[PDB]
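Single-structure report; data block below.
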Amino acid sequence: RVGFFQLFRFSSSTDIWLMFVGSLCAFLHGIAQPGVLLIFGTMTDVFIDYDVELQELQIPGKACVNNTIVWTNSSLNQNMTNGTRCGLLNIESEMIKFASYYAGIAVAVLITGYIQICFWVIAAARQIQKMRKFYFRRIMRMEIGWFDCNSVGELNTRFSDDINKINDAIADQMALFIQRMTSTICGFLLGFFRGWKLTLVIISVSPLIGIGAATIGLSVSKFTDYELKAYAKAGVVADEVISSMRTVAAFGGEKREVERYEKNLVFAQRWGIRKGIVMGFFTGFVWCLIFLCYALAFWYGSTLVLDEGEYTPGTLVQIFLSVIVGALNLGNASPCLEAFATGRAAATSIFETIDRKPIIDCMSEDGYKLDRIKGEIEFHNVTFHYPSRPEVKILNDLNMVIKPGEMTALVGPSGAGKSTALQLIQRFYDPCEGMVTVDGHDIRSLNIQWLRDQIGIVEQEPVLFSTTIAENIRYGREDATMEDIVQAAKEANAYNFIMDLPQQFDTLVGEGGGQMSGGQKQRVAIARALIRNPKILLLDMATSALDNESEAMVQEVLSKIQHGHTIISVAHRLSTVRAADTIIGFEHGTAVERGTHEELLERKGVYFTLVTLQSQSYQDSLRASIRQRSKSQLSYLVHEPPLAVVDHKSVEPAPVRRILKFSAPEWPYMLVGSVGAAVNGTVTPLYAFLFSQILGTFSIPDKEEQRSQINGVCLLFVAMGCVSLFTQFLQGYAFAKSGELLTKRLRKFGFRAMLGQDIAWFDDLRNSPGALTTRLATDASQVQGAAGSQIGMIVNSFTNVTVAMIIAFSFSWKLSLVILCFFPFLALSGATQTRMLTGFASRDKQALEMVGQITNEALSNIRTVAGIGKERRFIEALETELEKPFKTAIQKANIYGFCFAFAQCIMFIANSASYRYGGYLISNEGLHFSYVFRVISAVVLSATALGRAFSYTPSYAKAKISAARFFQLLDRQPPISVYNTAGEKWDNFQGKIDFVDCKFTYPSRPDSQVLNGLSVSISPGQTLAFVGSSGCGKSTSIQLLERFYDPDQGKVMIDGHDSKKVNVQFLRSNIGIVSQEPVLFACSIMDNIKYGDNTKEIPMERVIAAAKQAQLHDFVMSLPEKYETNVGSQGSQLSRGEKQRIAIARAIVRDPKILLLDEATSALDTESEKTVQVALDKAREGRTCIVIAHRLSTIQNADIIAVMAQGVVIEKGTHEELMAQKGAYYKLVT
């Protein structure tokens, strides 16, 4: 929808000038990089000419016998047959000149690169400050229905992230795009217009490299989806098992689930291997093509193009490097296009909501302004439905009138649109049909700003803003003096309470600050409403959100000092409506009664009499991680020109010792990948060496020898291309296999240890099933980032640097030292730039947090702001707060511009100094001109590679974080361990139970609500029932007898053995549990029943017996698929009643000695309850059972009962004796 050039719609004239000057500087700066290669071409031509002359002068006196052609005296007054051949070219003077040119270009690049970034960043910052303030000013004027449709949560993201996406588009990214586009255009143009045969030839290889690069780029996305689909084959198992962990534990299926997860990790491993193979092979293919292009370019440029006489060596070098630079810049310009697309997409919502016209908004020209109003208000056939849900009509032909100076009470069912009438008389919404009038005037054509200033509302829930109490009250009326605030607080009965506060009226009351009682918040809100002395006072269920002790006080504040002005009250309870002058009952959105209280009592008053009588998930994160990791690995494709100018830009963390120790089992693959990486690192300085070797051949006097040597070097380039192909493929495959083996091992171990944790560990919100699955899917995949791949990068960089240094110091140590002085800067350039950028991003986010606070406070409770608060205040506050991000952006502009400019210019300074000194060495020390190029190029390329080695920031740190998260899990020792040592295994298990005054408190729930004093004993074969309580200990006996939690204090005795000492596996195997919600696995019905005793392969006879005993055989036997019917995800539909019998059969099949019926027989259908109660009753036979049911005594008449609802078991006995003594047990029959 939004065109790219719409993003600049907020640009001012100053912004236009800044952008124009920045673009001009970016254009000039971009010209510099390819334009310097002309100076380089002429410099290398000068070197070659001087070397030819010098070599000729070494011949022993060819012209001393005859005048001949080319001897030294050609510098003198002698008639040499080929003119002035010697003496005129002074190499040192030429190199002084060329070093001067390089230094001048360095200064120009510094200036232009600084301005380029600074001006563009400043212009973007100004434009987006303006954009944000306009956006917020527009939001606050939208009608409240628009806020019903749009969530504050999404508005916050639009305000913070989306506008930041626009910033990334109109910011320095635009300058970088301009610079790189002009650089590539100039690079290709200067190649074509210096030699078109060679430029055309070496460009003709592009289609193959394009195919390879496009293949890699496409394969990234293509393989992401295939990987995600691959892991899901195991992710489903993990999610199913973790989501139902209590049943898995209760039936001891941990081993089975671990095996089933291992069985499915193979697909993810396999797809990871294949992605590695493909991407490594294609990276090697691209490198081979690059080196074949080198060979073709040099061979053709020499043959019949240079040795024939058309070109010169300098022109050949210049053309080659210019084309390489152009292609390099073209590649670096794709991130800018990505940023432009992202920004242009995000701007759609912002601009459309900026341009949207509000249906009703706070403005000064909307309509008439009354004076001395009576306050009378009336409805006329008002019909209304909310815009967010127009299908449901809330008001139906509503007609009502509220007399001036009187209190009218609105009563009716909660869903009768009772309060929605209030939102109409302050004009939150216009009525769909009908009219609402005040003092005889229509609400329309009445100045909304003036109208709402006549109305004060006590909201349903008090809302206070983050400021002082005096300020919060002052929001009701701007010009209220302090004594007026005191008077309002006195009327609202808050003065006495507020003066008790530590700092009186100046105390901050922000919700993130000092808290206050709901009653006091309502009283300060009432003060805010009263301070404006409204003619119309709306009481919208003020007390409905308060405790009784505070309800009394708030109600006392109300109906005490309210007079003269009209009051419209929606009472929370009808005990206080009788003071009202009139009452209007609401039914299905229409007024009915419109009578006095005594008249409301004209008949049954069904509502009034009734009340008075009754009252008296991992996929997103995994996708992001996979994509980011694949993109990071793609950095190996970066190639840099020799000579020329270099590229610029293409809980505690675990110790790496632990990661490597864990990854030891796959050491051979890491070693093979390391060998490949070492060779690939060696490749770069070797091709710099071969380039310098080529340059040296052009000075050879013998043409045949020259041709032979050039052929040899081209063959070496071809061989290097082939070796690079093979080694790149080998490295990619080996490190992919190492990483995938590590990830598979990590997932298996993490799941296996995760299933060993005690149940309490799962209840913790830090270990939510979604969180656990995300940890098992994503974090496991990331740990390889701190593994072979990192080792591969380290080895690659080390070999690159060491080989380059060997070459440089072998061929010239004096020059190497000079060029090495610039080594630190060239290397640290990129790392410093990236880390400074991320630091600035963090600081900008910190600055934006303050603004987010204000914007979220304003939007979260926009109803309070509009109705009773001040609309314009928040706009001004946000406008003032928006200055901080602007200042941070300005200083970012300055610092980032300087850093970028220096990083760009430093290379030219290095060239200047190095070639100035190389000229001196050639003139005096007798170096060969080729060695100068060799040394300088080797050192520069190694410096750039080493600098790229320090760009591990985004992935390595989080890899170590994930490794730490896994290692803490693997090292945890749970309080209750399923995998613990065997013991306390008495063969003749009988199942006698006893509770010795157990105390328990649920962690992950507030440590309050302690369950205390529980003490009962159950002899073998008896049934115990916990009944009557709505909670407070009823359901925790189940989770205690089974070792889900050990008691805080006290002990649970099984056959006389303490609970904490009996081996969990054995005890839990002796118990069979049925829960309120039958949880079954996606396997077949036979498998689900067979899950009861998964330690042994029980025959189908047991399953049949259990199914018939559980009243399940006939039902399942009559299904289309019978006992092989698949459950859950298969699409087969079963009701809770049908699954409950599956669960009961599962419990029965193991022939448990203890049965825990945790509120079975709770299906929504009474028929299902009848069906399943028979199953439960048949199951209880001959076992020690603890039975819990919400149903009445009929279920539990069989055996002894406990009835208490306060933890301790005071009342206990059989149904006959319990009913005889007339205790609390009778409440079931009350």
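Here's how to read the names in the structure tokens: chain A, B, ... by the order shown, residue numbers from 1 in each chain, ligand numbers from 1 in the order shown.
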Contacts of segment 954-967 of chain A within 10 Å, only C-alpha atoms, excl. fewer than 4 positions in-chain, as a short mmCIF file (atom, residue, chain, number, x, y, z; two decimals) with N, CA and C atoms, in the first residue's frame:
```
data_model
loop_
_atom_site.label_atom_id
_atom_site.label_comp_id
_atom_site.auth_asym_id
_atom_site.auth_seq_id
_atom_site.Cartn_x
_atom_site.Cartn_y
_atom_site.Cartn_z
N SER A 625 15.86 -19.28 15.17
CA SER A 625 17.21 -19.76 15.45
C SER A 625 17.84 -20.41 14.23
N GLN A 628 18.72 -17.71 11.61
CA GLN A 628 19.86 -16.90 12.02
C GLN A 628 21.16 -17.69 11.91
N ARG A 629 21.15 -18.95 12.35
CA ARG A 629 22.36 -19.75 12.29
C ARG A 629 22.77 -20.02 10.84
N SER A 632 24.34 -16.88 9.52
CA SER A 632 25.68 -16.69 10.06
C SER A 632 26.70 -17.55 9.33
N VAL A 651 22.10 -19.39 34.23
CA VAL A 651 21.93 -18.09 33.59
C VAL A 651 23.28 -17.60 33.10
N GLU A 652 24.32 -17.86 33.89
CA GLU A 652 25.66 -17.44 33.52
C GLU A 652 26.17 -18.29 32.36
N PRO A 653 26.87 -17.70 31.39
CA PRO A 653 27.28 -18.46 30.21
C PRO A 653 28.25 -19.57 30.58
N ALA A 654 27.94 -20.78 30.13
CA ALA A 654 28.72 -21.94 30.54
C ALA A 654 30.14 -21.85 30.00
N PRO A 655 31.11 -22.40 30.73
CA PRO A 655 32.48 -22.44 30.21
C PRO A 655 32.58 -23.38 29.01
N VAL A 656 33.31 -22.94 27.98
CA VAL A 656 33.44 -23.74 26.77
C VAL A 656 34.11 -25.08 27.05
N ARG A 658 33.23 -27.16 29.35
CA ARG A 658 32.12 -28.09 29.51
C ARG A 658 31.54 -28.49 28.17
N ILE A 659 31.35 -27.51 27.27
CA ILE A 659 30.74 -27.81 25.98
C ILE A 659 31.62 -28.76 25.19
N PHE A 662 31.54 -32.24 26.63
CA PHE A 662 30.29 -32.90 26.27
C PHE A 662 30.32 -33.36 24.82
N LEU A 746 22.31 -33.91 22.94
CA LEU A 746 21.85 -32.92 23.90
C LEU A 746 20.36 -33.04 24.12
N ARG A 747 19.58 -33.20 23.05
CA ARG A 747 18.14 -33.35 23.18
C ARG A 747 17.79 -34.63 23.93
N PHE A 749 19.62 -36.35 26.10
CA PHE A 749 19.99 -36.23 27.51
C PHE A 749 19.09 -35.26 28.24
N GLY A 750 18.76 -34.13 27.62
CA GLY A 750 17.90 -33.15 28.23
C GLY A 750 16.51 -33.68 28.49
N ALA A 753 16.75 -36.37 31.38
CA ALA A 753 16.90 -35.77 32.70
C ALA A 753 15.67 -34.96 33.08
N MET A 754 15.00 -34.39 32.08
CA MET A 754 13.81 -33.58 32.33
C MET A 754 12.67 -34.43 32.86
N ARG A 775 12.88 -24.94 25.15
CA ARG A 775 14.25 -25.24 25.54
C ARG A 775 14.75 -26.49 24.84
N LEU A 776 13.89 -27.49 24.70
CA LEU A 776 14.31 -28.76 24.13
C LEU A 776 14.46 -28.68 22.62
N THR A 778 14.76 -25.40 20.57
CA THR A 778 15.65 -24.33 20.13
C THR A 778 16.99 -24.39 20.84
N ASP A 779 16.98 -24.26 22.17
CA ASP A 779 18.23 -24.16 22.91
C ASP A 779 19.15 -25.34 22.64
N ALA A 780 18.58 -26.53 22.44
CA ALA A 780 19.41 -27.67 22.08
C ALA A 780 20.09 -27.46 20.74
N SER A 781 19.39 -26.85 19.78
CA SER A 781 19.96 -26.66 18.46
C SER A 781 21.04 -25.58 18.45
N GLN A 782 21.03 -24.68 19.42
CA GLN A 782 21.94 -23.54 19.40
C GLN A 782 23.30 -23.87 20.00
N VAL A 783 23.38 -24.89 20.85
CA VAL A 783 24.62 -25.15 21.57
C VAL A 783 25.77 -25.42 20.61
N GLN A 784 25.47 -25.89 19.40
CA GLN A 784 26.53 -26.16 18.44
C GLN A 784 27.24 -24.89 18.01
N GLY A 785 26.65 -23.73 18.24
CA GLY A 785 27.31 -22.47 17.92
C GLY A 785 28.61 -22.25 18.66
N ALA A 786 28.73 -22.79 19.87
CA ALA A 786 29.97 -22.73 20.64
C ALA A 786 30.79 -24.00 20.47
N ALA A 787 30.76 -24.60 19.29
CA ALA A 787 31.32 -25.92 19.04
C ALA A 787 32.05 -25.90 17.71
N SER A 789 31.90 -25.50 14.75
CA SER A 789 31.79 -24.33 13.88
C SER A 789 32.64 -23.18 14.40
N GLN A 790 32.55 -22.88 15.70
CA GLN A 790 33.42 -21.86 16.28
C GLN A 790 34.88 -22.27 16.17
N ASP A 971 22.60 -31.35 35.80
CA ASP A 971 23.26 -31.48 37.09
C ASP A 971 22.29 -31.41 38.27
N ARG A 972 21.02 -31.11 38.03
CA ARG A 972 20.08 -30.94 39.13
C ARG A 972 19.87 -32.26 39.86
#
```
key: Test item: residues at most 8 Å from segment 302-307 of chain A, only C-alpha atoms, excluding those fewer than 5 positions along its chain, as a VMD selection string   = chain A and resid 312 to 313 316 703 707 710
Put those residues in a file: N, CA and C atoms, as a short mmCIF file (atom, residue, chain, number, x, y, z; two decimals), in the first residue's frame.
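In the end it all went to again.cif:
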```
data_model
loop_
_atom_site.label_atom_id
_atom_site.label_comp_id
_atom_site.auth_asym_id
_atom_site.auth_seq_id
_atom_site.Cartn_x
_atom_site.Cartn_y
_atom_site.Cartn_z
N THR A 312 48.03 -2.43 -21.06
CA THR A 312 49.23 -2.40 -20.25
C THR A 312 48.94 -3.11 -18.94
N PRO A 313 49.97 -3.61 -18.26
CA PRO A 313 49.72 -4.33 -17.01
C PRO A 313 48.91 -3.53 -16.00
N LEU A 316 45.26 -3.70 -17.03
CA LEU A 316 44.70 -5.01 -16.73
C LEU A 316 44.38 -5.15 -15.25
N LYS A 703 59.74 -12.78 -23.86
CA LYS A 703 58.30 -12.92 -24.00
C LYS A 703 57.84 -14.36 -23.83
N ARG A 707 55.19 -15.67 -21.05
CA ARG A 707 53.97 -16.41 -21.35
C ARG A 707 53.93 -17.71 -20.56
N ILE A 710 53.08 -16.95 -16.89
CA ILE A 710 51.68 -16.58 -16.72
C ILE A 710 50.79 -17.81 -16.84
#
```
message = Give me the residues near segment 322-324 of chain A as a list in words, where near means some atom within 6 Å (using only C-alpha atoms) and where sequence neighbours in that chain fewer than 5 positions away do not count.
response =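 Surrounding residues, per the criterion: residues 34, 187, 188 and 191 of chain A.
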inquiry  = I want to know what sits within 12 Å of segment 810-819 of chain A, based on only C-alpha atoms, with residues of the same chain fewer than 2 positions away left out; could you give that as a VMD selection string?
reply    = chain A and resid 689 692 802 to 808 821 to 826 906 to 922 925 to 943
Those residues with C-alpha atoms, as a PDB file, in the first residue's frame please?
```pdb
ATOM      1  CA  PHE A 689      50.834 -14.404  -3.326  1.00  0.00           C
ATOM      2  CA  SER A 692      51.802 -10.543  -6.738  1.00  0.00           C
ATOM      3  CA  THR A 802      50.029 -17.163  10.325  1.00  0.00           C
ATOM      4  CA  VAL A 803      50.545 -17.915   6.627  1.00  0.00           C
ATOM      5  CA  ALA A 804      50.190 -14.252   5.692  1.00  0.00           C
ATOM      6  CA  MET A 805      52.732 -13.234   8.328  1.00  0.00           C
ATOM      7  CA  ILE A 806      55.142 -15.932   7.164  1.00  0.00           C
ATOM      8  CA  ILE A 807      54.943 -14.653   3.586  1.00  0.00           C
ATOM      9  CA  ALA A 808      55.249 -10.996   4.558  1.00  0.00           C
ATOM     10  CA  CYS A 821      51.456  -0.864  12.306  1.00  0.00           C
ATOM     11  CA  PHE A 822      48.064  -0.494  10.602  1.00  0.00           C
ATOM     12  CA  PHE A 823      47.174  -4.130  11.300  1.00  0.00           C
ATOM     13  CA  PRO A 824      45.371  -3.436  14.620  1.00  0.00           C
ATOM     14  CA  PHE A 825      43.112  -0.789  13.081  1.00  0.00           C
ATOM     15  CA  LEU A 826      42.187  -2.730   9.946  1.00  0.00           C
ATOM     16  CA  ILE A 906      42.254   4.044   7.474  1.00  0.00           C
ATOM     17  CA  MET A 907      42.857   1.718   4.525  1.00  0.00           C
ATOM     18  CA  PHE A 908      43.937   4.589   2.276  1.00  0.00           C
ATOM     19  CA  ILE A 909      46.369   5.841   4.927  1.00  0.00           C
ATOM     20  CA  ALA A 910      47.830   2.345   5.159  1.00  0.00           C
ATOM     21  CA  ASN A 911      48.285   2.183   1.393  1.00  0.00           C
ATOM     22  CA  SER A 912      49.874   5.631   1.356  1.00  0.00           C
ATOM     23  CA  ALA A 913      52.426   4.875   4.060  1.00  0.00           C
ATOM     24  CA  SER A 914      53.211   1.363   2.844  1.00  0.00           C
ATOM     25  CA  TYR A 915      53.794   2.348  -0.779  1.00  0.00           C
ATOM     26  CA  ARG A 916      55.751   5.450   0.220  1.00  0.00           C
ATOM     27  CA  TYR A 917      58.109   3.184   2.145  1.00  0.00           C
ATOM     28  CA  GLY A 918      58.116   0.493  -0.538  1.00  0.00           C
ATOM     29  CA  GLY A 919      59.317   3.073  -3.022  1.00  0.00           C
ATOM     30  CA  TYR A 920      62.245   3.858  -0.748  1.00  0.00           C
ATOM     31  CA  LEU A 921      63.041   0.163  -0.386  1.00  0.00           C
ATOM     32  CA  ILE A 922      62.909  -0.389  -4.150  1.00  0.00           C
ATOM     33  CA  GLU A 925      67.543  -1.543  -0.540  1.00  0.00           C
ATOM     34  CA  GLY A 926      67.003  -3.134  -3.952  1.00  0.00           C
ATOM     35  CA  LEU A 927      63.662  -4.830  -3.353  1.00  0.00           C
ATOM     36  CA  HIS A 928      61.763  -6.273  -6.270  1.00  0.00           C
ATOM     37  CA  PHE A 929      58.615  -4.264  -6.910  1.00  0.00           C
ATOM     38  CA  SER A 930      56.564  -7.468  -6.776  1.00  0.00           C
ATOM     39  CA  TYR A 931      57.518  -8.070  -3.143  1.00  0.00           C
ATOM     40  CA  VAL A 932      55.953  -4.749  -2.142  1.00  0.00           C
ATOM     41  CA  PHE A 933      52.566  -5.820  -3.485  1.00  0.00           C
ATOM     42  CA  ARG A 934      53.030  -9.281  -1.998  1.00  0.00           C
ATOM     43  CA  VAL A 935      53.755  -8.022   1.513  1.00  0.00           C
ATOM     44  CA  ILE A 936      51.131  -5.290   1.605  1.00  0.00           C
ATOM     45  CA  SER A 937      48.336  -7.422   0.162  1.00  0.00           C
ATOM     46  CA  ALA A 938      49.117 -10.380   2.416  1.00  0.00           C
ATOM     47  CA  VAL A 939      49.132  -8.281   5.577  1.00  0.00           C
ATOM     48  CA  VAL A 940      45.986  -6.349   4.637  1.00  0.00           C
ATOM     49  CA  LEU A 941      44.001  -9.463   3.757  1.00  0.00           C
ATOM     50  CA  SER A 942      45.068 -11.213   6.954  1.00  0.00           C
ATOM     51  CA  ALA A 943      44.069  -8.137   8.958  1.00  0.00           C
TER      52      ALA A 943
END
```
query = Hey, what's within 8 Å of residue 554 of chain A if we count only C-alpha atoms and toss same-chain stuff fewer than 2 positions away? As a PyMOL selection string, please?
reply = chain A and resi 519+522-523+543+550-552+556-558
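Among the candidates A:734, A:1156, A:140, A:457, the one nearest to residue 1070 of chain A when counting only C-alpha atoms is A:1156.
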key: Residue neighbourhood segment 1218-1227 of chain A, 12 Å, only C-alpha atoms, exclusion window fewer than 6 positions, as a list in words   =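 Here the qualifying residues turn out to be residues 1026, 1027, 1028, 1029, 1192, 1193, 1197, 1199, 1200, 1201, 1202, 1203, 1204, 1205, 1210, 1211 and 1212 of chain A.
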Could the residues in this selection be written to a file with C-alpha atoms, as a compact mmCIF listing (two decimals), in the first residue's frame?
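Generated output (again14.txt):
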```txt
# COMPACT_ATOMS: atom_id res chain seq x y z
CA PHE A 1026 -12.99 -36.92 51.61
CA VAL A 1027 -16.21 -34.93 51.23
CA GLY A 1028 -17.84 -31.60 51.94
CA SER A 1029 -14.92 -29.21 51.50
CA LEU A 1192 -23.42 -36.48 47.61
CA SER A 1193 -23.36 -39.32 50.13
CA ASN A 1197 -22.12 -44.62 51.81
CA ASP A 1199 -17.17 -47.02 53.88
CA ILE A 1200 -15.70 -44.50 56.34
CA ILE A 1201 -15.66 -40.78 55.50
CA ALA A 1202 -13.75 -37.63 56.41
CA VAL A 1203 -15.61 -34.35 56.01
CA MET A 1204 -13.51 -31.43 57.22
CA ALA A 1205 -12.63 -28.38 55.12
CA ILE A 1210 -11.68 -33.62 63.36
CA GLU A 1211 -14.85 -35.43 62.23
CA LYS A 1212 -14.57 -39.00 60.98
```
request  = Tell me, as a PyMOL selection string, which residues lie within 10 Å of residue 440 of chain A, counting only C-alpha atoms; anything in the same chain fewer than 4 positions away does not count.
outcome  = chain A and resi 373-378+436
inquiry  = Just checking: using only C-alpha atoms, which residue out of A:462, A:553, A:298, A:159 ends up closest to residue 497 of chain A?
reply    =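 For residue 497 of chain A, the nearest of the candidates is A:553.
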Atom pair atom CA of residue 1127 of chain A / atom CA of residue 1038 of chain A: separation (Å) =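 Computed distance, atom CA of residue 1127 of chain A to atom CA of residue 1038 of chain A, equals 26.9 Å.
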inquiry  = Let's see if you can do this: from backbone DSSP, list all helix (DSSP H, G or I) residues in segment 508-683 of chain A, as a ChimeraX atom specification.
reply    = /A:518-531,542-545,548-557,577-579,597-600,606-614,619-637,656-662,664-683
key: strand (DSSP E or B) residues, from DSSP on the backbone, in segment 876-1038 of chain A, as a list in words   =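 These are the residues in question: residues 993, 994, 995, 996, 997, 998, 999, 1000, 1011, 1012, 1013, 1014, 1017, 1018, 1023, 1024, 1025 and 1026 of chain A.
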task = Would you please work out which residue, of A:255, A:197, A:639, A:1170, is nearest to residue 685 of chain A when using only C-alpha atoms?
result = A:639
query = From the list A:156, A:1133, A:1196, A:1161, which residue is nearest residue 139 of chain A when using only C-alpha atoms?
reply =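 Once distances to residue 139 of chain A are computed over only C-alpha atoms, the minimum belongs to A:156.
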inquiry  = Ranking A:470, A:714, A:700, A:1163 by minimum distance to residue 1078 of chain A and counting only C-alpha atoms, which one comes first?
reply    =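 Smallest distance to residue 1078 of chain A is found for A:1163.
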ask   = Which one of A:432, A:296, A:214, A:169 sits closest to residue 335 of chain A if you count only C-alpha atoms?
value =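 Residue with the minimum atom-to-atom distance to residue 335 of chain A: A:169.
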ask   = Any idea what the distance is between atom CA of residue 1091 of chain A and atom CA of residue 993 of chain A?
value =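 Computed distance, atom CA of residue 1091 of chain A to atom CA of residue 993 of chain A, equals 25.6 Å.
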